[PDB]
Amino acid sequence: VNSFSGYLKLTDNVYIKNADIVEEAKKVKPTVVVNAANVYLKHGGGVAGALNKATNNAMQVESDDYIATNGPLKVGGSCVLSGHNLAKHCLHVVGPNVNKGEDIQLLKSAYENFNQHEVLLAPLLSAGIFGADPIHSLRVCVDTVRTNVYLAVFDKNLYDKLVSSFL
Ligand SMILES: C[C@@](O)(C(=O)O)c1ccccc1
């Protein structure tokens with residue numbers, strides 16, 4: 001049993017809810033929240049700017065030190081950093097950004113990072129401002145992630161379309 005509430009069960013291991021991932025993280029304090037990161041860990045907008053804003057910019061300060069030491073992530077890659085006031089850990093995952101011309105086949109590699117964690121609160125990778133098709137991102141998630149993933153979908157209209165269209 002875990003703390004996640006009000007999710008629709010899609011598969012054995014994937015759950016979905018219309019929710020603000022920031023507000024969900026604040027309530028649950030999950031072991032792992034996933035950030036929709038870029039390779040520079042520059043948290044300006046979407047999931048990254050909002051989580052970063054909710055940490056009072058401490059996520060960005062930590063991230064700048066990580067990049068200064070290690071250099072940029074790979075598209076499809078990840079790193080584990082602090083969850084600050086939101087979670088124990090934040091798994092920063094880089095899905096491909098269609099609005100930068102990145103290979104959508106890298107979305108499966110991105111979701112494979114989730115399999116290193118038994119339970120996660122996450123957004124749909126590559127969806128929203130990353131430019132991919134959200135129905136596609138949910139399909140790749142279901143077909144790639146084997147650990148227990150609780151997906152928060154910000155847009156009520158999109159949530160209803162994802163549920164209604166789910167195979
Ligand atoms: C915040 C967001 O990235 C999400 O994860 O739901 C998002 C996706 C799609 C439309 C609006 C917002």
# chains A, B, ... in the order shown; residues from 1 in each chain; ligands from 1
>>> residues_near_ligand(ligand="ligand 1", cutoff="6 Å", atoms="only C-alpha atoms and all ligand atoms", output="PyMOL selection string")
chain A and resi 46-47+123-124+127-128+153-155
>>> residues_around(residues="segment 52-59 of chain A", least_positions_apart="3", cutoff="9 Å", atoms="only C-alpha atoms", output="list in words")
residues 22, 26, 43, 44, 47, 48, 49, 62, 63, 64, 81, 82, 83, 84, 85 and 86 of chain A
>>> write_last_selection(atoms="N, CA and C atoms", output="PDB file, in the first residue's frame")
ATOM      1  N   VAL A  22       3.281  19.643  -8.769  1.00  0.00           N
ATOM      2  CA  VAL A  22       3.834  20.405  -7.620  1.00  0.00           C
ATOM      3  C   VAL A  22       2.967  20.163  -6.383  1.00  0.00           C
ATOM      4  N   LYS A  26       3.897  18.053  -2.991  1.00  0.00           N
ATOM      5  CA  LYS A  26       3.774  18.695  -1.649  1.00  0.00           C
ATOM      6  C   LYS A  26       2.909  17.863  -0.700  1.00  0.00           C
ATOM      7  N   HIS A  43      15.974  25.171 -15.359  1.00  0.00           N
ATOM      8  CA  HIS A  43      14.554  25.017 -15.001  1.00  0.00           C
ATOM      9  C   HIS A  43      13.805  26.333 -15.218  1.00  0.00           C
ATOM     10  N   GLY A  44      13.406  26.625 -16.464  1.00  0.00           N
ATOM     11  CA  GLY A  44      12.697  27.893 -16.740  1.00  0.00           C
ATOM     12  C   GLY A  44      11.184  27.745 -16.844  1.00  0.00           C
ATOM     13  N   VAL A  47       7.018  21.823 -16.134  1.00  0.00           N
ATOM     14  CA  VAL A  47       7.293  21.033 -14.908  1.00  0.00           C
ATOM     15  C   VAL A  47       8.595  21.494 -14.221  1.00  0.00           C
ATOM     16  N   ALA A  48       9.667  21.735 -14.972  1.00  0.00           N
ATOM     17  CA  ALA A  48      10.966  22.122 -14.357  1.00  0.00           C
ATOM     18  C   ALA A  48      10.875  23.507 -13.711  1.00  0.00           C
ATOM     19  N   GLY A  49      10.283  24.498 -14.369  1.00  0.00           N
ATOM     20  CA  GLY A  49      10.217  25.828 -13.739  1.00  0.00           C
ATOM     21  C   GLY A  49       9.313  25.832 -12.522  1.00  0.00           C
ATOM     22  N   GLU A  62      21.277  23.776  -6.847  1.00  0.00           N
ATOM     23  CA  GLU A  62      21.877  22.450  -6.805  1.00  0.00           C
ATOM     24  C   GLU A  62      22.221  21.972  -8.198  1.00  0.00           C
ATOM     25  N   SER A  63      21.331  22.235  -9.146  1.00  0.00           N
ATOM     26  CA  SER A  63      21.539  21.790 -10.521  1.00  0.00           C
ATOM     27  C   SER A  63      22.732  22.482 -11.167  1.00  0.00           C
ATOM     28  N   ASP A  64      22.912  23.759 -10.918  1.00  0.00           N
ATOM     29  CA  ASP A  64      24.052  24.490 -11.483  1.00  0.00           C
ATOM     30  C   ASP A  64      25.372  23.909 -10.965  1.00  0.00           C
ATOM     31  N   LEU A  81      19.001  13.889  -8.004  1.00  0.00           N
ATOM     32  CA  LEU A  81      19.396  14.992  -7.111  1.00  0.00           C
ATOM     33  C   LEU A  81      18.393  15.076  -5.968  1.00  0.00           C
ATOM     34  N   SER A  82      18.569  16.033  -5.096  1.00  0.00           N
ATOM     35  CA  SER A  82      17.632  16.211  -3.999  1.00  0.00           C
ATOM     36  C   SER A  82      16.216  16.493  -4.476  1.00  0.00           C
ATOM     37  N   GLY A  83      15.229  16.038  -3.680  1.00  0.00           N
ATOM     38  CA  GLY A  83      13.837  16.434  -3.883  1.00  0.00           C
ATOM     39  C   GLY A  83      13.448  17.692  -3.122  1.00  0.00           C
ATOM     40  N   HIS A  84      14.381  18.240  -2.341  1.00  0.00           N
ATOM     41  CA  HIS A  84      14.129  19.489  -1.591  1.00  0.00           C
ATOM     42  C   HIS A  84      12.883  19.303  -0.702  1.00  0.00           C
ATOM     43  N   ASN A  85      11.979  20.254  -0.757  1.00  0.00           N
ATOM     44  CA  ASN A  85      10.745  20.245   0.041  1.00  0.00           C
ATOM     45  C   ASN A  85       9.645  19.459  -0.638  1.00  0.00           C
ATOM     46  N   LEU A  86       9.889  18.873  -1.789  1.00  0.00           N
ATOM     47  CA  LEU A  86       8.836  18.182  -2.564  1.00  0.00           C
ATOM     48  C   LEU A  86       8.852  16.667  -2.437  1.00  0.00           C
TER      49      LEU A  86
END
>>> select_by_dssp(residues="chain A", states="helix (DSSP H, G or I)", output="JSON, numbers by chain")
{"A": [21, 22, 23, 24, 25, 26, 27, 28, 46, 47, 48, 49, 50, 51, 52, 53, 54, 58, 59, 60, 61, 62, 63, 64, 65, 66, 67, 68, 69, 70, 98, 99, 100, 106, 107, 108, 109, 110, 111, 112, 113, 114, 115, 116, 128, 129, 130, 134, 135, 136, 137, 138, 139, 140, 141, 142, 143, 144, 156, 157, 158, 159, 160, 161, 162, 163, 164, 165]}
>>> residues_around(residues="residue 132 of chain A", least_positions_apart="3", cutoff="9 Å", atoms="only C-alpha atoms", output="PDB file with C-alpha atoms, in the first residue's frame")
ATOM      1  CA  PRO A  96      13.555  14.552 -26.479  1.00  0.00           C
ATOM      2  CA  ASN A  97      12.321  18.075 -27.234  1.00  0.00           C
ATOM      3  CA  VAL A  98      10.474  18.004 -30.613  1.00  0.00           C
ATOM      4  CA  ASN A  99      10.676  21.889 -30.677  1.00  0.00           C
ATOM      5  CA  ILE A 104      11.400  10.792 -30.627  1.00  0.00           C
ATOM      6  CA  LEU A 125       7.872  12.840 -20.744  1.00  0.00           C
ATOM      7  CA  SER A 126       8.249  14.844 -24.034  1.00  0.00           C
ATOM      8  CA  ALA A 127       4.597  16.022 -23.760  1.00  0.00           C
ATOM      9  CA  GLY A 128       3.456  19.662 -23.183  1.00  0.00           C
ATOM     10  CA  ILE A 129       6.151  22.219 -24.127  1.00  0.00           C
ATOM     11  CA  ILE A 135      -1.105   9.919 -26.395  1.00  0.00           C
ATOM     12  CA  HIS A 136       2.256   8.642 -27.689  1.00  0.00           C
ATOM     13  CA  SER A 137       4.132   9.494 -24.488  1.00  0.00           C
TER      14      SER A 137
END
>>> closest_residue(among="A:106, A:32, A:142, A:163", to="residue 91 of chain A", atoms="only C-alpha atoms")
A:32
>>> select_by_dssp(residues="segment 45-106 of chain A", states="strand (DSSP E)", output="PyMOL selection string")
chain A and resi 78-82+89-93
>>> residues_around(residues="residue 12 of chain A", least_positions_apart="6", cutoff="12 Å", atoms="only C-alpha atoms", output="number ranges by chain")
A: 142-143, 145-150
>>> closest_residue(among="A:61, A:75, A:21, A:138", to="residue 165 of chain A", atoms="only C-alpha atoms")
A:138
>>> residues_around(residues="residue 122 of chain A", least_positions_apart="3", cutoff="6 Å", atoms="only C-alpha atoms", output="short mmCIF file (atom, residue, chain, number, x, y, z; two decimals) with C-alpha atoms, in the first residue's frame")
data_model
loop_
_atom_site.label_atom_id
_atom_site.label_comp_id
_atom_site.auth_asym_id
_atom_site.auth_seq_id
_atom_site.Cartn_x
_atom_site.Cartn_y
_atom_site.Cartn_z
CA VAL A 33 9.42 12.97 -8.15
CA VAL A 34 10.44 13.07 -11.83
CA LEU A 151 1.39 10.10 -13.65
#
>>> residues_around(residues="residue 30 of chain A", least_positions_apart="2", cutoff="7 Å", atoms="only C-alpha atoms", output="VMD selection string")
chain A and resid 25 28 32 to 33 87 to 88 121
>>> write_last_selection(atoms="C-alpha atoms", output="mmCIF file, in the first residue's frame")
data_model
loop_
_atom_site.group_PDB
_atom_site.id
_atom_site.type_symbol
_atom_site.label_atom_id
_atom_site.label_comp_id
_atom_site.auth_asym_id
_atom_site.auth_seq_id
_atom_site.Cartn_x
_atom_site.Cartn_y
_atom_site.Cartn_z
ATOM 1 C CA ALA A 25 4.452 16.261 -4.518
ATOM 2 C CA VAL A 28 2.470 12.955 -0.896
ATOM 3 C CA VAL A 32 10.933 10.122 -6.149
ATOM 4 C CA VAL A 33 9.420 12.968 -8.154
ATOM 5 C CA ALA A 87 10.194 14.609 -2.331
ATOM 6 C CA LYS A 88 13.147 12.642 -0.994
ATOM 7 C CA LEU A 121 5.454 10.461 -9.203
#
>>> atom_distance(atom1="atom CA of residue 77 of chain A", atom2="atom CA of residue 108 of chain A")
10.6 Å
>>> closest_residue(among="A:17, A:117, A:74, A:100", to="residue 31 of chain A", atoms="only C-alpha atoms")
A:117
>>> atom_distance(atom1="atom CA of residue 16 of chain A", atom2="atom CA of residue 156 of chain A")
11.7 Å
>>> atom_distance(atom1="atom CA of residue 158 of chain A", atom2="atom CA of residue 102 of chain A")
23.2 Å
>>> decode(residues="segment 18-46 of chain A", atoms="N, CA and C atoms", output="PDB file, in the first residue's frame")
ATOM      1  N   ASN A  18      -5.578  13.660 -13.002  1.00  0.00           N
ATOM      2  CA  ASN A  18      -5.524  15.107 -13.336  1.00  0.00           C
ATOM      3  C   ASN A  18      -5.071  15.834 -12.093  1.00  0.00           C
ATOM      4  N   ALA A  19      -3.825  16.300 -12.100  1.00  0.00           N
ATOM      5  CA  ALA A  19      -3.258  16.970 -10.927  1.00  0.00           C
ATOM      6  C   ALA A  19      -2.049  17.794 -11.327  1.00  0.00           C
ATOM      7  N   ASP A  20      -1.858  18.832 -10.564  1.00  0.00           N
ATOM      8  CA  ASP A  20      -0.632  19.653 -10.563  1.00  0.00           C
ATOM      9  C   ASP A  20       0.443  18.857  -9.822  1.00  0.00           C
ATOM     10  N   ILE A  21       1.491  18.439 -10.545  1.00  0.00           N
ATOM     11  CA  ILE A  21       2.575  17.636  -9.946  1.00  0.00           C
ATOM     12  C   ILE A  21       3.230  18.325  -8.755  1.00  0.00           C
ATOM     13  N   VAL A  22       3.281  19.643  -8.769  1.00  0.00           N
ATOM     14  CA  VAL A  22       3.834  20.405  -7.620  1.00  0.00           C
ATOM     15  C   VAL A  22       2.967  20.163  -6.383  1.00  0.00           C
ATOM     16  N   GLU A  23       1.642  20.337  -6.531  1.00  0.00           N
ATOM     17  CA  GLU A  23       0.690  20.185  -5.401  1.00  0.00           C
ATOM     18  C   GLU A  23       0.657  18.718  -4.978  1.00  0.00           C
ATOM     19  N   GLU A  24       0.745  17.807  -5.925  1.00  0.00           N
ATOM     20  CA  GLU A  24       0.776  16.394  -5.594  1.00  0.00           C
ATOM     21  C   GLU A  24       2.032  16.034  -4.799  1.00  0.00           C
ATOM     22  N   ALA A  25       3.190  16.541  -5.232  1.00  0.00           N
ATOM     23  CA  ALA A  25       4.452  16.261  -4.518  1.00  0.00           C
ATOM     24  C   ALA A  25       4.375  16.825  -3.091  1.00  0.00           C
ATOM     25  N   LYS A  26       3.897  18.053  -2.991  1.00  0.00           N
ATOM     26  CA  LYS A  26       3.774  18.695  -1.649  1.00  0.00           C
ATOM     27  C   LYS A  26       2.909  17.863  -0.700  1.00  0.00           C
ATOM     28  N   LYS A  27       1.854  17.237  -1.196  1.00  0.00           N
ATOM     29  CA  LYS A  27       0.906  16.454  -0.345  1.00  0.00           C
ATOM     30  C   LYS A  27       1.502  15.079  -0.042  1.00  0.00           C
ATOM     31  N   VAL A  28       2.014  14.353  -1.039  1.00  0.00           N
ATOM     32  CA  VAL A  28       2.470  12.955  -0.896  1.00  0.00           C
ATOM     33  C   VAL A  28       3.878  12.878  -0.299  1.00  0.00           C
ATOM     34  N   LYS A  29       4.798  13.772  -0.690  1.00  0.00           N
ATOM     35  CA  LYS A  29       6.230  13.667  -0.335  1.00  0.00           C
ATOM     36  C   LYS A  29       6.747  12.324  -0.789  1.00  0.00           C
ATOM     37  N   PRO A  30       6.620  12.012  -2.090  1.00  0.00           N
ATOM     38  CA  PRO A  30       7.027  10.714  -2.590  1.00  0.00           C
ATOM     39  C   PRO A  30       8.540  10.532  -2.442  1.00  0.00           C
ATOM     40  N   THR A  31       8.988   9.304  -2.464  1.00  0.00           N
ATOM     41  CA  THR A  31      10.418   8.963  -2.501  1.00  0.00           C
ATOM     42  C   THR A  31      11.059   9.640  -3.725  1.00  0.00           C
ATOM     43  N   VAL A  32      10.395   9.572  -4.880  1.00  0.00           N
ATOM     44  CA  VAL A  32      10.933  10.122  -6.149  1.00  0.00           C
ATOM     45  C   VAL A  32       9.864  10.938  -6.858  1.00  0.00           C
ATOM     46  N   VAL A  33      10.174  12.197  -7.160  1.00  0.00           N
ATOM     47  CA  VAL A  33       9.420  12.968  -8.154  1.00  0.00           C
ATOM     48  C   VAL A  33      10.306  13.082  -9.396  1.00  0.00           C
ATOM     49  N   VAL A  34       9.728  12.898 -10.556  1.00  0.00           N
ATOM     50  CA  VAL A  34      10.441  13.069 -11.834  1.00  0.00           C
ATOM     51  C   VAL A  34      10.250  14.511 -12.304  1.00  0.00           C
ATOM     52  N   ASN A  35      11.374  15.112 -12.707  1.00  0.00           N
ATOM     53  CA  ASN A  35      11.376  16.403 -13.408  1.00  0.00           C
ATOM     54  C   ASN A  35      11.533  16.182 -14.894  1.00  0.00           C
ATOM     55  N   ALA A  36      10.796  16.946 -15.667  1.00  0.00           N
ATOM     56  CA  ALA A  36      10.942  17.067 -17.133  1.00  0.00           C
ATOM     57  C   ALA A  36      12.091  18.023 -17.446  1.00  0.00           C
ATOM     58  N   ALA A  37      13.298  17.504 -17.327  1.00  0.00           N
ATOM     59  CA  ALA A  37      14.525  18.296 -17.399  1.00  0.00           C
ATOM     60  C   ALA A  37      14.976  18.462 -18.849  1.00  0.00           C
ATOM     61  N   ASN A  38      15.888  19.431 -19.035  1.00  0.00           N
ATOM     62  CA  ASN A  38      16.721  19.525 -20.243  1.00  0.00           C
ATOM     63  C   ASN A  38      18.164  19.189 -19.856  1.00  0.00           C
ATOM     64  N   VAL A  39      19.018  19.065 -20.877  1.00  0.00           N
ATOM     65  CA  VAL A  39      20.398  18.552 -20.633  1.00  0.00           C
ATOM     66  C   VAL A  39      21.217  19.509 -19.780  1.00  0.00           C
ATOM     67  N   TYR A  40      20.835  20.787 -19.732  1.00  0.00           N
ATOM     68  CA  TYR A  40      21.554  21.823 -18.969  1.00  0.00           C
ATOM     69  C   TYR A  40      21.005  21.969 -17.569  1.00  0.00           C
ATOM     70  N   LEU A  41      19.921  21.226 -17.252  1.00  0.00           N
ATOM     71  CA  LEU A  41      19.179  21.406 -15.979  1.00  0.00           C
ATOM     72  C   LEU A  41      18.866  22.904 -15.765  1.00  0.00           C
ATOM     73  N   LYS A  42      18.423  23.549 -16.817  1.00  0.00           N
ATOM     74  CA  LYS A  42      17.928  24.932 -16.734  1.00  0.00           C
ATOM     75  C   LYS A  42      16.409  24.890 -16.572  1.00  0.00           C
ATOM     76  N   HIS A  43      15.974  25.171 -15.359  1.00  0.00           N
ATOM     77  CA  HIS A  43      14.554  25.017 -15.001  1.00  0.00           C
ATOM     78  C   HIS A  43      13.805  26.333 -15.218  1.00  0.00           C
ATOM     79  N   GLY A  44      13.406  26.625 -16.464  1.00  0.00           N
ATOM     80  CA  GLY A  44      12.697  27.893 -16.740  1.00  0.00           C
ATOM     81  C   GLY A  44      11.184  27.745 -16.844  1.00  0.00           C
ATOM     82  N   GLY A  45      10.715  26.670 -17.463  1.00  0.00           N
ATOM     83  CA  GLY A  45       9.266  26.565 -17.686  1.00  0.00           C
ATOM     84  C   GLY A  45       8.727  25.173 -17.506  1.00  0.00           C
ATOM     85  N   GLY A  46       7.404  25.078 -17.574  1.00  0.00           N
ATOM     86  CA  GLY A  46       6.706  23.796 -17.445  1.00  0.00           C
ATOM     87  C   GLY A  46       6.982  23.135 -16.106  1.00  0.00           C
TER      88      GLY A  46
END
